[PDB]
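**Student:** Okay, handing you the structure first.
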Amino acid sequence: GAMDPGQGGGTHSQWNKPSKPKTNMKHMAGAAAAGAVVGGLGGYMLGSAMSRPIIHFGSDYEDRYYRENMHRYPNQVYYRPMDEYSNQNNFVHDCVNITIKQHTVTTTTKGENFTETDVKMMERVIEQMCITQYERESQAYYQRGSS
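Numbering (PDB author numbering), first residue to last: 85 to 231.
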């Protein structure tokens, strides 16, 4: 017979530059941490996705606005734990502020377009959240003693 033609080949897509990991962290050793050290706060803790209540402020227009849009609103909050001293009344004031401190920019930087009118809605529904535990739980051990 004749000598039949032949062909062949191959690729070299089986190698890359090495990518061994290195420590790429940030440390704040001088931070007076009182919480579980959430990476967004460093010295505070993060709570559960507890239900967000409905609170009126300006009008029922604002109420229904928040109610309809609540599907995009955050569910969990950030705070410090309590303490058994007079500081218990001080930290509860900043507790609610810790969540909104980050959340003002956290919403928009996630692909949202919240304005001041929108973020004040979420800061008030969390405001009562730290107050209610003060008058419910913190008042309980205070009023009854612990011994």
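Every residue, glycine too, gets a C-beta built ideally from N, C-alpha and C.
At 4 residues or longer, what runs of the alpha helix (DSSP H) sit wholly inside the stretch 141-221?
**Tutor:** Within the stretch 141-221, the complete alpha helix (DSSP H) runs of at least 4 residues are 144-153, 171-192 and 200-217.
**Student:** DSSP has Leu125 in a bridge; who is on the other side?
**Tutor:** Bridge partners of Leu125: none, in fact.
**Student:** Would you mind stating whether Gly119 and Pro158 have Cβ atoms separated by less than 8 Å?
**Tutor:** In this structure, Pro158 does not lie closer than 8 Å to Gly119 by Cβ.
**Student:** Pick from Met205, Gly114, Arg228 and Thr216: whose alpha carbon is nearest that of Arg151?
**Tutor:** Nearest option by C-alpha distance: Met205.
**Student:** Rounded to whole angstroms, what is the Cα-Cα separation between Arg208 and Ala113?
**Tutor:** Near 33 Å, if we compare the C-alpha coordinates of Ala113 and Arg208.
**Student:** Taking only the alpha-carbon atoms, compute the straight-line gap between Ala116 and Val176 and give it to the nearest angstrom.
**Tutor:** Each residue's Cα considered, the two are about 17 Å apart.
**Student:** Cα-Cα, which of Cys214, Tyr225 and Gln186 is closest to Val122?
**Tutor:** When each option's Cα is compared against that of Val122, the closest is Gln186.
**Student:** What span of residues does the alpha helix (DSSP H) with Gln227 cover, start to end?
**Tutor:** It spans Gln223 to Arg228 - the alpha helix (DSSP H) in which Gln227 sits, taken as one unbroken run.
**Student:** Assuming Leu130 contacts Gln160 under a Cβ cut-off of 8 Å, what Cβ separation, rounded to an integer in Å, is found between them?
**Tutor:** Contact holds; Cβ gap of about 6 Å.
**Student:** Is the beta carbon of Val180 less than 8 Å from the beta carbon of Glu146?
**Tutor:** Their beta carbons are not under 8 Å apart, which means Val180 does not touch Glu146 by this criterion.
**Student:** Taking 8 Å as the threshold (C-beta atoms), are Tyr128 and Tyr163 in contact?
**Tutor:** Against a cut-off of 8 Å, the Cβ pair of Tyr128 and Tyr163 comes out as a contact.
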